[PDB]
RNA sequence: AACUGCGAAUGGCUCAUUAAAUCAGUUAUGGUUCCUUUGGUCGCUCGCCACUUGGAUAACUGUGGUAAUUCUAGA
RNA sequence: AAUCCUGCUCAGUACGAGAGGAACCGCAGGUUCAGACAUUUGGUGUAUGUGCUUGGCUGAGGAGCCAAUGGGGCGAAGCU
Ligand SMILES: [Mg+2]
Ligand SMILES: [Mg+2]
Ligand SMILES: [Mg+2]
Ligand SMILES: [Mg+2]
Ligand SMILES: [Mg+2]
Ligand SMILES: [Mg+2]
Ligand SMILES: [Mg+2]
Ligand SMILES: [Mg+2]
Ligand SMILES: [Mg+2]
């Protein structure tokens, strides 16, 4: 099918990113990245399209003290798109998802990286636009 | 690319569908209400001068 | 030889050169290098930066109609007949006006006869 | 001349309806049979008796 | 693709109604056969083959591709006079009505099978030619013959036998 | 000059290779980066391995070769394009004035 | 069918906002505006078409575009 | 001195009453590590390269300078 190419991650554990869905959460606090085997002292990091585990800091109180799956959809680090285009966004943002791949919300604010959209079709259908 | 041609002296404006960017580049990057040579529309159309009057986008 | 891009300053951006930037409001720009990018980020209007294409165009650095008198036919008529009629003889036209004058004279006589 | 476009000219759809328009067209100087010099369209069709009618000239 | 009036006009007939249900063990092509019949005939059914037809009335039915709730569809069609010749039963017109019921094939839904069979008068039992007679076919056959249902048998998935199994005609 | 560029230009960038000079003789284009500084002698050897994978057997057809100035952020591919873009300058105009 | 004119600012619904605000009585507009009705006034001013002018533009004939809308262009 | 994993196909297939549910060949990529490299992105930047600017100084202009690198924008090469 063609897996995603390696892209600059830039968002380690502890990053606070905006929450681009409409669930009511303002932001997300990345605590880990799925699929990271790691190294000594090397913080796990995620790029656009990676599934992470994050807890919301500002938002609806019925979600604050809980761990949720998420997917990064916009990153501020510039990454090469295998055609010389170094793309970087205005903000770090991600939507809240579940284990299967469904998106918790129903709308996405702002654009979505093409890699993230191609990885997760549900986010691709919910996306307002594709960068 | 459909190309409607209108002759003021005769009417019966016709659609010419074309498949050659090479023969459309003489119109490309120009604007409307300008006179450009229709000589790239073949030697049959050699000696023809045309002006762009209107156009339709790819969405209509 | 990809699609040709253009920076905000207007220069042609070749593939593999520069950097493309996307905003939250959906707008996507491309920059030839960090100088152009930093000007854009600091929100300097390109029309005052002397070396940009917009400046050159604004300060004009580096820098007829047709009237036709066609003549066609009229629906339900003859193209030859209409030109011939409009180029008819002036003596024919004056004969026409005098014969219509005497036609009006006999119309007046008919009016008088019906009055009587 | 390309076939179709530069040939078989259709006439103008209607005749002029203003008195000055028709007089200018026919080069009339001073009231030379303007009553009958107007265009009279003949209407013909299969299932009727074809006739002819002329517009009303104004001004 | 007919309207409701001729549907009533043939519904009032009694010698051309065929209440029958498709029954089989799990994964024997009941859904696929019913969808092929929906393509071929139908009172309003088109020839749409977008995976599973109206017999999967539920989104989770399309999610799993397992039939959950039994679906009652309607079929109408015609057959020639020499095709009527074989019909030794009562005969009225070339048109026929099929009150098709697609029953679930799982052991846990044998109650839904019973609900279908009480309505129906005949059963199309689907049997995989590769696997032969399976446990749930052995079950639903008992149910139908206890409910006095005529069985008509259909071996399915013959492509698997003749290509995947490479069975020669003698053993086939 | 590929089969899609057709530009009458040489592999030498605008203003010449940095720290090396002007390529005039033949040359070999290699995917990626090889060892050593500029103007360093390199030995090129036919492979000790049997190339049978798709990457090794992949046919290559270049569409475009960058020839902008490597001596900074180059933005013009050739002198002809740079002149067509910038247009005449003060030095050109005064050289025209001096030489008529 | 269309241009033009007129109406579409009325009617109907609801009581959210709203506490000298709305509103009732009363008083002023000699501090203003007013399609429509009616009545006035419309040769009062000395000034090569007037037996009446110019360009068009609809509607209309025709080539379409778009997935789409009471969308529209080109001649 | 290489290491391990994932996605697709196989295949909703073998197996199995069902629920579920692989593997070999192959394809596309990743993790960790290694050895390089600077075309591109980023970092540095005293090229003290070019503008801008504060205080003071050379009578003013022009041209400069000092403030332990005055500060700041952009920055070639090199290194990364
Ligand atoms: Mg540690
Ligand atoms: Mg009148
Ligand atoms: Mg360089
Ligand atoms: Mg070791
Ligand atoms: Mg000073
Ligand atoms: Mg000075
Ligand atoms: Mg001193
Ligand atoms: Mg000191
Ligand atoms: Mg810098």
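Chains as they are written, first to last, in the deposited numbering: chain A, 10 to 140; chain B, 1 to 60; chain C, 1 to 63, 72 to 124; chain D, 120 to 178; chain E, 3 to 174; chain F, 304 to 403. No residue lacks a Cβ here, since even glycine has one placed at the ideal position from N, Cα and C.
- Comparing alpha-carbon positions, the option among 76/C, 81/C, 110/C and 30/C lying closest to residue 127/D turns out to be 81/C.
- Close to residue 93/C, with beta-carbon spacing below 7 Å, are these residues of chain D in chain order: 145.
- Among the residues facing chain D, residue 9/B is included, as its CB has a counterpart in that chain under 9 Å away.
- Per the DSSP secondary-structure output, residue 37/B pairs in a beta bridge with 49/B.
- Within the same chain, Cβ atoms closer than 8 Å to the Cβ of residue 58/C are found at 47, the five residues on either side in sequence being excluded.
- Counted as a single uninterrupted DSSP element, the alpha helix (DSSP H) harbouring residue 119/C occupies residues 98-123.
- Judged by their CB atoms, residue 16/A and residue 47/A are not nearer to each other than the 9 Å cut-off.
- If you draw a straight line from the Cα of residue 380/F to the Cα of residue 314/F, it is about 11 Å long.
- When DSSP reads this structure, residue 76/E sits in a beta bridge with 101/E.
- For residue 53/C, there are no C-beta contacts with chain B under 8 Å, since the nearest C-beta of that chain is about 15 Å from it.
- Short of 7 Å from the beta carbon of residue 119/A, and not among the five residues preceding or following it, lie these beta carbons of its own chain, in chain order: 29, 83, 102 and 137.
- Nearest CB-CB separation between residue 111/A and chain C: not below the 9 Å threshold.
- Taking 8 Å as the Cβ-Cβ cut-off, the stretch 311-327 of chain F has no residue approaching chain C.
- Under the DSSP definition of a beta bridge, residue 109/E lacks any partner.
- Residue 64/E is positioned such that its CB atom lies no closer than 9 Å to that of residue 73/E.
- Ranked by Cα distance from residue 43/C, the options 85/C, 73/C and 8/C are led by 8/C.
- Judged by DSSP secondary structure, residue 70/A falls within the alpha helix (DSSP H) whose first and last residues are 70-73.
- Membership of residue 103/A in the beta strand (DSSP E) is indicated by the continuous run 102-105.
- The three-state secondary structure of residue 125/E, taken from DSSP, is strand.
- No Cβ of chain D is located within less than 9 Å of the beta carbon of residue 72/C.
- Sequence-distant Cβ neighbours of residue 66/A in its own chain, meaning closer than 8 Å and more than five residues away, are 25, 35, 36, 37, 38 and 73.
- Contact with chain C is found for residue 120/A, since one of that chain's Cβ atoms lies less than 9 Å from the residue's Cβ.
- Looking at 33/E, 40/E and 45/E, the one whose alpha-carbon comes closest to that of residue 10/E is 45/E.
- Residue 79/A is positioned such that its CB atom lies closer than 9 Å to that of residue 106/A.
- For the stretch 330-370 of chain F, the full-length alpha helix (DSSP H) segments reaching 4 residues or more read 357-360 along the chain.
- Proximity of the beta carbon of residue 373/F to ligand 3 is indicated: a heavy atom of the ligand is located closer than 8 Å.
- When the five nearest sequence neighbours on each side are left out, the beta carbons in the same chain lying within less than 8 Å of the beta carbon of residue 140/A are those of 83, 96, 98, 120, 121, 122 and 123, in order along the chain.
- Taking 9 Å as the threshold, the shortest C-beta distance from residue 14/B to chain D falls below it.
- Fully enclosed beta strand (DSSP E) runs of no fewer than 3 residues occupy 36-42, 60-64 and 77-83 of the stretch 29-89 of chain A, in order along the chain.
- Ranked by Cα distance from residue 136/D, the first of 159/D, 168/D and 167/D is 159/D.
- Against chain C, a Cβ distance below 7 Å from residue 133/D picks out 83.
- Assignment of residue 383/F by DSSP, reduced to helix, strand and coil, places it in the helix class.
- Using a CB distance cut-off of 9 Å, residue 105/C counts as an interface residue toward chain D.
- With its beta carbon at least 9 Å from every one in chain C, residue 17/A lies outside the interface.
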